[PDB]
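Colleague: Questions regarding the structure given below will be posed in turn.
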Amino acid sequence: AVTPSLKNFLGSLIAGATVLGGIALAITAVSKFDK
Amino acid sequence: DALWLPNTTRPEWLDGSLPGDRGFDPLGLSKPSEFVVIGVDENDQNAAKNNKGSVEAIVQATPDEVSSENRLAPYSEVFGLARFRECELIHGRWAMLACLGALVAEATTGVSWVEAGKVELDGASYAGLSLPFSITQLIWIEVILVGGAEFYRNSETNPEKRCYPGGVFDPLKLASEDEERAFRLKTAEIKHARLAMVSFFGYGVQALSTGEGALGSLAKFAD
Amino acid sequence: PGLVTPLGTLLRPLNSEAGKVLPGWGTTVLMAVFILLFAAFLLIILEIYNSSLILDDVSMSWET
Amino acid sequence: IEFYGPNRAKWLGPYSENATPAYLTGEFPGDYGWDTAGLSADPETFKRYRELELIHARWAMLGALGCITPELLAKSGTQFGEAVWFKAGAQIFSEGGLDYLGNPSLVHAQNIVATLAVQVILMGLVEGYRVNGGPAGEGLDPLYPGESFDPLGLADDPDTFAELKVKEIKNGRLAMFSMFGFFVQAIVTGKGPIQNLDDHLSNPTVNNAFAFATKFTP
Amino acid sequence: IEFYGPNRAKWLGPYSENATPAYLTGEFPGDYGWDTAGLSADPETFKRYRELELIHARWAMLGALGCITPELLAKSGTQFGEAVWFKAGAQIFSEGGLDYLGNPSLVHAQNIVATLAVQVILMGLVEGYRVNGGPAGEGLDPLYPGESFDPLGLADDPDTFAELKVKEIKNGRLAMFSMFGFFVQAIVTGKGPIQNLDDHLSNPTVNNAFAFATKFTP
Ligand code: CHL
Ligand code: CHL
Ligand code: CHL
Ligand code: CHL
Ligand code: CLA
Ligand code: CLA
Ligand code: CLA
Ligand SMILES: CC1=C[C@H](O)CC(C)(C)[C@H]1/C=C/C(C)=C/C=C/C(C)=C/C=C/C=C(C)/C=C/C=C(C)/C=C/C1=C(C)C[C@H](O)CC1(C)C
Ligand SMILES: CC1=C[C@H](O)CC(C)(C)[C@H]1/C=C/C(C)=C/C=C/C(C)=C/C=C/C=C(C)/C=C/C=C(C)/C=C/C1=C(C)C[C@H](O)CC1(C)C
Numbered sequence: 064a065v066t067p068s069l070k071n072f073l074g075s076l077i078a079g080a081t082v083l084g085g086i087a088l089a090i091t092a093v094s095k096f097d098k
Numbered sequence: 011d012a013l014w015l016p017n018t019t020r021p022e023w024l025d026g027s028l029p030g031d032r033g034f035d036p037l038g039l040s041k042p043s044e045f046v047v048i049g050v051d052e053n054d055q056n057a058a059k060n061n062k063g064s065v066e067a068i069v070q071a072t073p074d075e076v077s078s079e080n081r082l083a084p085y086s087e088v089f090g091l092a093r094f095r096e097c098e099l100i101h102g103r104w105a106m107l108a109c110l111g112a113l114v115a116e117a118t119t120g121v122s123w124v125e126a127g128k129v130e131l132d133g134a135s136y137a138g139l140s141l142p143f144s145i146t147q148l149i150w151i152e153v154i155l156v157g158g159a160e161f162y163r164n165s166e167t168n169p170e171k172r173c174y175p176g177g178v179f180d181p182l183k184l185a186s187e188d189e190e191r192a193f194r195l196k197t198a199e200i201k202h203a204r205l206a207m208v209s210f211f212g213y214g215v216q217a218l219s220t221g222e223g224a225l226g227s228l229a230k231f232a233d
Numbered sequence: 020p021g022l023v024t025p026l027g028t029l030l031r032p033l034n035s036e037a038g039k040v041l042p043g044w045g046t047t048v049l050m051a052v053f054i055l056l057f058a059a060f061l062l063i064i065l066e067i068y069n070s071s072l073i074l075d076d077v078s079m080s081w082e083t
Numbered sequence: 030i031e032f033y034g035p036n037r038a039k040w041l042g043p044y045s046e047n048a049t050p051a052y053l054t055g056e057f058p059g060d061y062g063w064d065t066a067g068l069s070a071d072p073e074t075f076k077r078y079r080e081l082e083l084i085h086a087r088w089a090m091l092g093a094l095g096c097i098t099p100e101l102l103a104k105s106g107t108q109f110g111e112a113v114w115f116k117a118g119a120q121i122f123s124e125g126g127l128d129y130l131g132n133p134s135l136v137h138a139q140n141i142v143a144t145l146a147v148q149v150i151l152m153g154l155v156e157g158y159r160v161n162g163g164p165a166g167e168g169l170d171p172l173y174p175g176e177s178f179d180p181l182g183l184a185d186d187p188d189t190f191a192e193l194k195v196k197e198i199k200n201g202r203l204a205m206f207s208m209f210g211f212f213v214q215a216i217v218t219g220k221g222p223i224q225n226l227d228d229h230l231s232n233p234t235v236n237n238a239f240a241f242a243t244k245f246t247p
Numbered sequence: 030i031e032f033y034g035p036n037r038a039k040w041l042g043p044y045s046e047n048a049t050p051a052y053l054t055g056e057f058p059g060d061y062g063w064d065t066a067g068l069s070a071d072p073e074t075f076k077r078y079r080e081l082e083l084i085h086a087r088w089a090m091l092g093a094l095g096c097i098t099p100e101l102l103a104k105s106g107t108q109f110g111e112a113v114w115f116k117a118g119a120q121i122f123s124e125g126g127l128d129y130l131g132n133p134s135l136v137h138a139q140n141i142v143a144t145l146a147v148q149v150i151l152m153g154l155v156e157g158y159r160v161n162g163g164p165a166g167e168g169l170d171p172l173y174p175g176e177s178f179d180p181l182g183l184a185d186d187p188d189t190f191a192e193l194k195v196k197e198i199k200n201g202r203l204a205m206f207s208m209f210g211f212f213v214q215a216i217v218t219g220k221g222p223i224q225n226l227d228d229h230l231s232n233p234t235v236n237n238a239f240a241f242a243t244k245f246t247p
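In order, the protein sequence lines correspond to chains x, r, h, p and v.
According to the authors' numbering, the stretch in the first sequence is residues 64 to 98, in order.
According to the authors' numbering, the stretch in the second sequence is residues 11 to 233, in order.
According to the authors' numbering, the stretch in the third sequence is residues 20 to 83, in order.
According to the authors' numbering, the stretch in the fourth sequence is residues 30 to 247, in order.
According to the authors' numbering, the stretch in the fifth sequence is residues 30 to 247, in order.
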C-alpha cells in the first residue's frame with residue numbers, strides 16, 4: 064500500500080544517502096591519497 | 011568438543027570450567043577490558059586559567075568481579091561472568107516457571123497468559139474456586155513477599171552461592187554434593203534454561219502477532 | 020570526613036564510578052545509526068503533518 | 030565390481046576400452062575413464078571438475094526430491110493450490126502470497142524482492158563460508174569436509190568410506206541425469222512428471238514419447 | 030601496488046580464499062583470480078584469454094555508449110524518426126534509407142548489401158592490421174601497442190599507466206555486464222532501456238522485473 068507520495072519520497076532518502084556517501088568518498092579519495 | 015562453532019577460534023576468557031561454556035562471544039560482552047580513568051577538571055573558579063581532563067593519566071583500573079557488601083550495586087561492575095552467570099540462571103529459572111505455568115493454565119482453565127489478567131481481576135478463580143482477594147491486596151502481598159525474598163537472596167556474599175546456594179533449605183535432597191553429578195546437573199539446568207528463555211521470547215512474539223494462547227495459537231493453527 | 024546518613028551509605032556506589040570511560044570508539048557507530056534513524060523518523064512525521072507525504076490511514080480532515 | 034585400481038568396471042562392460050585416457054587409473058570414486066573430449070588433461074583442472082561435479086550432484090539430489098514430493102502429497106492426501114514446480118514460482122502473485130504446505134495459517138509470504146534479497150544474503154554468506162571455511166570447523170577439505178557434516182560418523186572405516194563415495198557419486202550422476210530429464214520434459218509436455226507417469230501407465234505404446242514429437246515445426 | 034601483486038583486492042573480500050591458483054599471482058592488470066573453472070592452466074592459453082577479453086572489452090565500451098546515446102538525444106534536443114536501437118536496423122528498409130541524426134543533409138546511404146560489402150572489406154583490412162602489425166604503427170604488442178596513433182600518449186609514467194590499465198579493464202568488464210543486460214532486456218521487455226528505467230521509476234515495487242516473469246511458461 065504505497066502511495067505515489069511515498070514512492071517519490073523514498074527516492075529522497077536514497078538520494079541524501081548517496082550525497083553523504085559522495086561526501087565521504089570525496090574525503091577518502093584525497094585524504095588517504097595524501098596520507 | 012561441542013561448541014556452537016565446533017573447532018573454531020575460541021574466546022580467550024571462556025574455557026569450560028563453567029558448565030554451559032561453549033565459546034560464544036561474537037560481541038565479547040564478558041571481556042576483561044580495562045577502563046581508562048580521567049581525573050576531574052580544574053573546577054575552581056577563584057583563580058584564572060582553569061583546565062580540562064587528563065589524557066592517558068591513570069593505569070586504567072584493572073577490572074575485578076568481586077562481590078562487595080553494598081546493597082546498591084554489589085558487584086561494582088556489570089560486564090563480567092560473576093554477574094552474568096547469576097543473571098542467566100535467574101532469568102532461566104523464571105522463564106522455566108513461567109513457560110510451564112502458561113501451558114498448565116491454558117490446559118486447565120483455557121485462558122491465555124496474555125488474557126489471564128482480564129479474567130482474574132474481576133474474579134480470583136484459581137481453576138474456578140473463587141478466592142476472596144482483590145487486585146490492590148494482591149499487589150500489596152506480592153510486592154512485600156517477593157521483596158522480602160529478594161532482599162534475603164541479595165544478602166549472600168559468596169559469588170558461587172548467589173546463584174548456587176546449597177546448604178539444607180533449598181537443596182532438600184542433597185543431590186549436589188558430588189563433583190561430576192552436580193556438574194552434569196548444572197550443565198543440564200543451563201540448557202533447559204536456554205530453551206525456556208527462547209520459548210518465552212517466542213510467546214512474546216506470538217503475543218505481538220495479534221493474539222495467541224500457546225494453544226489458542228494452535229486453535230488458530232487447527233487446520 | 021563529611022556528614023554520614025543511611026542514604027549516604029546507600030547511594031554511594033551510584034556516586035562511585037567517577038571516570039571509568041572506554042578507550043577506543045565504543046558504541047559510537049551504533050549511536051550514529053540510532054541518530055540517523057531518529058532523524059528519518061522526524062522527517063517522516065514532519066512530512067506527514069505537512070501532508071507532503073499522503074498515506075492511506077492518515078485522514079488530515081480535522082475529522083475522525 | 031570394485032570400482033578402484035586398474036580393475037574398475039568400465040561404462041562399456043567387458044569391452045575394457047583399450048587405450049584409456051591414461052591420466053586416471055583408479056584412486057578416486059566414480060572413475061570409469063569415459064573421457065571422450067578429454068577436457069581435463071591437467072590435474073589441477075581435473076580437481077576443479079571433481080569439485081564442480083560433486084557440488085552439482087549434491088544440489089541435484091535435492092532438486093530431484095523437491096520436484097517429486099509435493100505432487101505426491103497433493104495426489105495422495107492434501108491440496109497445495111499450485112502443487113506443480115512450474116507454478117510454485119507463480120504461487121506468490123496468485124491471491125495473497127505463497128501459503129506453504131497448502132495452509133492459509135502458516136508462512137503466508139509476500140514481497141518477492143525482499144525474499145530474493147534475504148536469499149542473496151544467506152546464500153552469499155554460506156557460500157563464502159563453504160569455500161575457505163572460517164566457522165563450522167577449520168577449512169580442511171574442499172571436497173569431503175565431514176567433520177561436523179558427518180555427525181553420525183560414517184567416515185570411520187576407509188573402505189566403507191570409499192564404498193559410500195562410489196554410491197554417492199553413482200546416485201549423484203543419476204540425479205543429475207534425471208533433472209535434465211525434468212528440464213527437457215518441462216518444455217516438451219508442459220505437465221507434471223507424475224502425471225506423465227500416469228499417462229504412460231494409461232498408454233504404454235500409443236502415447237509414450239513420440240506423440241509430442243511434432244511440436245517444434247517452423 | 031595495492032591494485033595488483035601479492036595483496037590485490039581479491040574478488041570476494043574477506044571470504045576470497047586467500048591462496049590463489051598458482052598459475053597466476055599478479056603480474057598483469059585486472060587480476061583478481063576468479064578462474065575457479067581453471068580453464069587457463071597453461072600460460073599461453075591464459076595469454077589467449079587476455080587477447081580475447083581486451084578486444085571484447087574495447088568493443089563493449091562503444092557498444093554500450095552507442096545504445097545509451099540516442100534516446101538521451103531524443104529526450105534532450107533531437108529526433109531521429111525511430112531513435113531506438115531495436116528498430117534502428119530496419120531504418121534503411123523504412124522509407125528511403127537511413128538518416129544519420131535524422132538529417133538528409135548528410136550521408137544517407139542505401140543499398141545495404143553494398144554497405145555490408147564495404148564493411149566487410151574495411152573490417153578485414155583493419156583486423157588483419159591488428160593481427161600482424163602493418164601501416165600506421167608497426168606491431169610490437171598485440172594488446173598494448175602504444176605508438177604514433179596515440180595523439181596524447183599517456184603511457185609515459187609506468188605507475189599511472191598501470192592505473193590506466195586497471196581502469197580500462199574495470200570499465201571493460203562493466204561494459205560487458207551492461208551489454209549483457211541490454212541483450213537480456215531485449216529478449217524480455219521489448220522496450221527501450223531508458224524507457225525501462227523510467228517505467229521502473231514510475232512503478233518500483235510492481236514493475237521491477239518479476240512482472241515479466243510469467244512469460245516463458247509452457
Ligand atoms: C555392453 C555394451 C555397452 C554399451 C553399448 C554401452 C553404452 C554406453 N554406455 Mg555404458 N555401455 C555398455 C556397457 C556398460 N555400461 C555401463 C555403465 C554406464 C554408465 C554409468 C554410463 C554409461 C554410458 C554409456 C555411453 C557412453 C557414450 C555416451 O554417453 O553416449 C550417449 C549418446 C548416445 C547414446 C547417442 C544418442 C542415441 C539416441 C537414440 C538418439 C535419439 C535420436 C533422436 C530422435 C534424434 C533427435 C532429433 C532432433 C535433432 C530433433 C554409451 C551409450 C554413459 C551414458 O549413458 O551417458 C549418456 C554413462 O554415464 N555406461 C555398465 C555398468 C558398469 C556396463 C556393463 O556392461
Ligand atoms: C534456480 C533455480 C530456478 C529455476 C531453474 C527456475 C525456473 C522457473 N521459474 Mg523460478 N526458477 C528457479 C528459482 C526461483 N524462481 C523464483 C521466482 C519465480 C517466479 C515469480 C516465477 C518463476 C517461474 C519459473 C518457471 C519459468 C519457466 C522458464 O522461465 O523457462 C526456462 C527454464 C527452463 C526451460 C528449464 C529450467 C532449467 C533450464 C536448464 C534453464 C536453467 C538455466 C540455468 C540453470 C539457470 C541459471 C542459473 C543462475 C543462478 C545464473 C521455471 C519453473 C514462473 C512460473 O511460475 O511459471 C509457471 C514464475 O512466475 N520463478 C525465485 C524467487 C526469486 C527463485 C529462487 O531461487
Ligand atoms: C562480501 C562478500 C561478497 C559476496 C557475497 C560477493 C558476491 C559475488 N561477487 Mg564479489 N562478493 C563479495 C565481496 C567482493 N566482491 C568484490 C568484487 C567483485 C568482482 C569484480 C566480481 C565479483 C563477483 C562476485 C560473484 C562471484 C560468485 C559468482 O560468480 O556467482 C554465482 C552465483 C550466482 C550467479 C547465484 C545468483 C543467485 C540469483 C539470485 C539467481 C536468480 C534466481 C532466478 C529466479 C532463477 C533462474 C531462473 C531461470 C529460468 C534462469 C558473487 C555474486 C563476480 C561477478 O560479479 O559475477 C557476476 C565478479 O566479476 N565481486 C569486492 C571488491 C574487491 C569485494 C570485497 O568485499
Ligand atoms: C554484430 C552485431 C549485431 C547484432 C547483435 C544485431 C542484432 C540485430 N539486428 Mg542487425 N545486428 C548486428 C549487426 C548488423 N545488423 C545489420 C543489419 C540489420 C537489418 C536490416 C536488421 C537488423 C535487425 C537486427 C535485430 C534482429 C533481432 C534478432 O534477431 O534477435 C536476436 C538477438 C537478440 C535477442 C539479442 C542478442 C542475443 C545474443 C547475445 C546474440 C549475440 C550473438 C553473438 C554472441 C554475437 C555475434 C558474433 C559475431 C562476431 C559472429 C537485432 C537488433 C532487424 C531489426 O532491426 O528489426 C527491428 C533488421 O531488420 N540488422 C548489419 C548490416 C548488414 C550489421 C553489421 O554490423
Ligand atoms: C550538505 C549539503 C546539503 C544539505 C544539508 C541539503 C539540504 C536540503 N536540500 Mg539539498 N542539495 C545539495 C546539498 C545539500 N542539501 C546539493 C549538493 C544539491 C545539488 C544536487 C542539492 C539539491 C537539492 C534540491 C534540488 C532540493 C534540495 C532540497 C533540500 C532540503 C530538503 C531535502 C530533503 O527532504 O531530503 C531529506 C534527506 C535526508 C533526511 C537525508 C537522508 C538520511 C537518512 C536517515 C538515510 C541515512 C543515510 C543513507 C543510508 C545514505 C548513506 C549511504 C550509506 C551507503 C552509508 C534540505 C534543506 C529540496 C529543497 O530545497 O526543498 C524545497 C529540493 O527540492 N536539495
Ligand atoms: C543418498 C545420497 C547420498 C549419499 C549416498 C551420500 C554420501 C556421502 N556424503 Mg552426502 N549429501 C547428499 C546425498 C548423499 N550423500 C545430499 C543430498 C547433500 C546435500 C544436502 C549432501 C551433502 C554432503 C556434505 C556436505 C558432506 C557429505 C558427505 C558424504 C560422505 C560421508 C557421509 C555419509 O556416509 O553419507 C551417507 C548418506 C546416506 C546413507 C544417505 C541417507 C539418505 C537418508 C536415508 C534420507 C534422508 C533424507 C531426508 C528425508 C531429507 C529431509 C530431512 C530434512 C527436512 C531435514 C558420503 C560420500 C561428507 C563427506 O564426504 O565428508 C567426509 C560431507 O562433508 N554429503
Ligand atoms: C568475453 C568474455 C570474457 C573473457 C574471455 C574473460 C577472460 C578472463 N577473465 Mg573475465 N570477466 C568477464 C568476461 C570475460 N573474461 C566479465 C563480463 C566479467 C564481469 C562479471 C569478468 C570478471 C572477471 C574477474 C573478476 C576475473 C576475470 C578473470 C579472467 C581471466 C581468467 C579467467 C578465465 O579463464 O576466463 C576465461 C574466459 C572464458 C573461458 C570465457 C567464457 C565465456 C562463457 C561461455 C560465457 C557464458 C557463461 C556465463 C558464466 C553465463 C553467466 C553470465 C553472468 C555471469 C552475467 C581471463 C583472462 C580473472 C583475472 O585475473 O582477470 C584477468 C579474474 O579474477 N574475469
Ligand atoms: C564426462 C564427460 C565426458 C565427455 O568426454 C565430455 C562430456 C560429454 C562433456 C562429459 C559429460 C558431461 C555431462 C554428462 C554433464 C551433465 C551435466 C548435467 C546433466 C547436470 C545437471 C545438473 C542439474 C542440477 C544441478 C539440478 C539442480 C536442481 C535444482 C536447482 C532444482 C530446484 C528446484 C527445486 C529444489 C524444487 C522447486 O519447487 C523448484 C526448482 C527451482 C525447480
Ligand atoms: C572468467 C570466468 C571464470 C570462471 O572460472 C569461469 C567463468 C564463470 C565461465 C568465466 C566467466 C565468464 C563470463 C562471465 C563471461 C561473460 C562475458 C560477457 C557478458 C561478455 C559480453 C560481451 C558483450 C559485447 C561484446 C557487446 C558488444 C555490443 C556491441 C558490439 C553493440 C553493437 C551495436 C551497437 C553499437 C548499436 C547498433 O544500433 C547495433 C549493434 C550492432 C547491436
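All residues carry an ideal CB built from backbone N, CA and C; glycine is no exception.
Is any beta-carbon of chain x found at less than 7 Å from that of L61(h)?
Modeller: In the third sequence, residue 61(h) corresponds to position 42, counting from 1. So no, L61(h) is outside the interface.
Colleague: Tell me which residue opens and which closes the alpha helix (DSSP H) that residue 23(p) is part of.
Modeller: Here chain p has residues from 30 to 247 only, and residue 23(p) is not among them.
Colleague: Can at least three beta-carbon pairs, one atom from the segment 129-142 of chain v and one from the segment 102-119 of chain v, be found at a separation below 8 Å?
Modeller: Yes: at least three Cβ pairs fall under 8 Å.
Colleague: Under the criterion of a Cβ to heavy atom distance below 6 Å, does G42(v) qualify as lining ligand 3?
Modeller: What you label residue 42(v) is simply residue 13 of the fifth sequence in a count that begins at 1. Yes, the beta carbon of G42(v) sits closer than 6 Å to at least one heavy atom of ligand 3.
Colleague: Closest to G55(p) by C-alpha separation, out of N225(p), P164(p), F32(p), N140(p), would be which residue?
Modeller: In the fourth sequence, residue 55(p) corresponds to position 26, counting from 1. Of the candidates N225(p), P164(p), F32(p), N140(p), the one whose C-alpha sits nearest the C-alpha of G55(p) is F32(p).
Colleague: Less than 7 Å between CB atoms is the rule here; does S105(p) satisfy it with respect to chain r?
Modeller: As a working mapping, residue 105(p) is identified with position 76 in the fourth sequence. Not closer than 7 Å to any Cβ of chain r, the Cβ of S105(p) fails to qualify, so no.
Colleague: Can you find a heavy atom of ligand 8 that lies under 6 Å from the Cβ of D185(p)?
Modeller: Numbered from 1 along the fourth sequence, position 156 holds the residue referred to as residue 185(p). No, the beta carbon of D185(p) sits no closer than 6 Å to any heavy atom of ligand 8.
Colleague: So if I threshold CB-CB distances at 9 Å, which residues from the segment 77-100 of chain r count as touching chain h?
Modeller: Against chain h - using a Cβ distance shorter than 9 Å - the residues of the segment 77-100 of chain r are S78, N80, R81, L82, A83, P84, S86, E87.
Colleague: Can you tell me which of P50(p), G201(p), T243(p), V235(p) puts its alpha carbon nearest to the alpha carbon of residue 18(p)?
Modeller: The structure shown does not extend to residue 18(p), since chain p is modelled only from 30 to 247, so the question has no answer here.
Colleague: Whose Cβ in chain x lies nearer than 9 Å to the Cβ of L74(h)?
Modeller: Stepping through the third sequence from its first residue, residue 74(h) is reached at position 55. Simply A64, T66, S68, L69.
Colleague: Kindly indicate the opening and closing residues of the alpha helix (DSSP H) around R32(r).
Modeller: Here residue 32(r) refers to the residue found at position 22 when the second sequence is read from its first residue. Neither: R32(r) is in no alpha helix (DSSP H) and is coded neither H nor E.
Colleague: Sort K230(r), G226(r), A159(r) by Cα distance to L113(r) and report the nearest one.
Modeller: The sequence position of residue 113(r) within the second sequence is 103, counting from 1. For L113(r), the nearest C-alpha among the options comes from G226(r).
Colleague: When the Cα atoms are used, what is the spatial distance from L94(v) to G219(p)?
Modeller: As a first step, residue 94(v) must be located in the fifth sequence, where it is residue number 65. As a first step, residue 219(p) must be located in the fourth sequence, where it is residue number 190. Going from the Cα of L94(v) to the Cα of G219(p) covers about 41 Å.
Colleague: Quick check: is the beta carbon of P35(v) nearer than 7 Å to any beta carbon in chain p?
Modeller: Residue 35(v) sits at position 6 when you count from the first residue of the fifth sequence. With 7 Å as the cut-off, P35(v) does not count as an interface residue toward chain p.
Colleague: Using a Cβ-Cβ distance cut-off of 7 Å, determine whether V69(r) contacts chain h.
Modeller: The residue labelled residue 69(r) in the question sits at position 59 within the second sequence. With 7 Å as the cut-off, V69(r) does not count as an interface residue toward chain h.
Colleague: Taking 8 Å as the cut-off, does the segment 56-64 of chain v touch the segment 189-201 of chain v (at least 3 CB pairs, one atom from each stretch)?
Modeller: Because the criterion of three Cβ pairs below 8 Å is met, the segment 189-201 of chain v and the segment 56-64 of chain v touch.
Colleague: In chain order, what residues of the segment 37-64 of chain h put their CB closer than 8 Å to some CB of chain r?
Modeller: Listed by position along the chain: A37, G38, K39, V40, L41, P42.
Colleague: Could you check which residue in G102(r), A92(r), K59(r) has the C-alpha nearest to that of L205(r)?
Modeller: Here residue 205(r) refers to the residue found at position 195 when the second sequence is read from its first residue. Minimum Cα distance to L205(r) is reached at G102(r).
Colleague: When the Cα of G74(x) is compared with those of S231(v), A242(v), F241(v), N236(v), which residue comes out closest?
Modeller: Counting from one through the first sequence, the residue named residue 74(x) turns up at place 11. The shortest C-alpha separation from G74(x) is found at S231(v).
Colleague: For the alpha helix (DSSP H) containing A146(p), name the first residue and the last one.
Modeller: Working through the fourth sequence from its first residue, we reach residue 146(p) at position 117. 141-161 is the span of the alpha helix (DSSP H), which, as asked, contains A146(p).
Colleague: Is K196(v) helix, strand or coil by DSSP?
Modeller: To locate residue 196(v), count along the fifth sequence from 1; it is residue 167. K196(v): helix per DSSP, three-state reduction.
Colleague: Which whole-angstrom value is the C-beta distance of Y44(v) and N161(p), which I expect to be below 8 Å?
Modeller: Position 15 of the fifth sequence, counting from 1, holds the residue named residue 44(v). Position 132 of the fourth sequence, counting from 1, holds the residue named residue 161(p). Their Cβ separation, rounded to whole angstroms, is 6 Å, which keeps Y44(v) and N161(p) in contact under 8 Å.
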